[PDB]
């Protein structure tokens, strides 16, 4: 794998979003992954619908949590790989209560055919990320509410509770870091992003790494 990758620079990552008071980071992690993969497959960068997942993926628990891998399985097995646009299935869960599932009225903006799980190895994850793009990972975000900037070096790494998106890394820096897209608006962290140290399993970043497959 190359020394440093940033898929934001390649135009592969959509704007930072806001999950609100909903426990739907799993859906932002999953949708954000799909968005990137969709683009990297030659299709236009498209905003896709977390609310689609929150309302309809009954394999997960809407505003009360879920798993990226479930979402990936749900999209393929229950929705024919279909992922609707953000515009046509906009987010309505900011106050923590999701509207129920709807089918009509939404426009299919992307398709996936499955997913892969990555090993619990940061070198291997970086290897995959270098070739195939942004990875969906679960982390411990307990120590994240007070992050301002810089590279988090001793993140509380005790229990996974939050889904995010690895959009890149940098092994050349003084403290090697992952670049992570979060869903807590752009006011948080570094314009909605956080850099955590790479190699010491900060926040348990490597425990649940996976990615949708497009085409």
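Positions refer to the first chain, counted from 1.
Chemist: Averaging CA B factors per stretch from the PDB record, which one is higher: 28-36 or 175-183?
Modeler: Mean C-alpha B-factor is greater for 175-183.
Chemist: Mean C-alpha B-factor higher for 164-172, or for 50-58?
Modeler: Per the PDB record, 164-172.
Chemist: Which of these, 92, 108, 135, 123, has its C-alpha atom at the highest B-factor, as the entry lists it?
Modeler: Spelled out: the listed residue with the top C-alpha B-factor is 123.
Chemist: For the CA B factor values reported in this entry, which option in 71, 83, 101, 145 has the top one?
Modeler: If I rank 71, 83, 101, 145 by C-alpha B-factor, first place goes to 145.
Chemist: Can you work out whether the C-alpha temperature factor of residue 16 puts it in the lowest, middle or highest third of the chain?
Modeler: For residue 16, whose C-alpha B-factor we compare with every modelled residue in the chain, the answer is the lowest third.
Chemist: Quick check on the deposited entry: does the C-alpha B-factor of residue 97 sit in the lowest, middle or highest third of its chain?
Modeler: For residue 97, the deposited C-alpha B-factor lands in the lowest third.
Chemist: Lowest, middle or highest third: where is residue 63 by Cα B-factor in its chain?
Modeler: Within its chain, residue 63 is a middle-third residue by C-alpha B-factor, going by the deposited values.
Chemist: Going by the entry, which third of its chain does the Cα temperature factor of residue 22 land in?
Modeler: Its C-alpha B-factor belongs to the lowest third of this chain's values.
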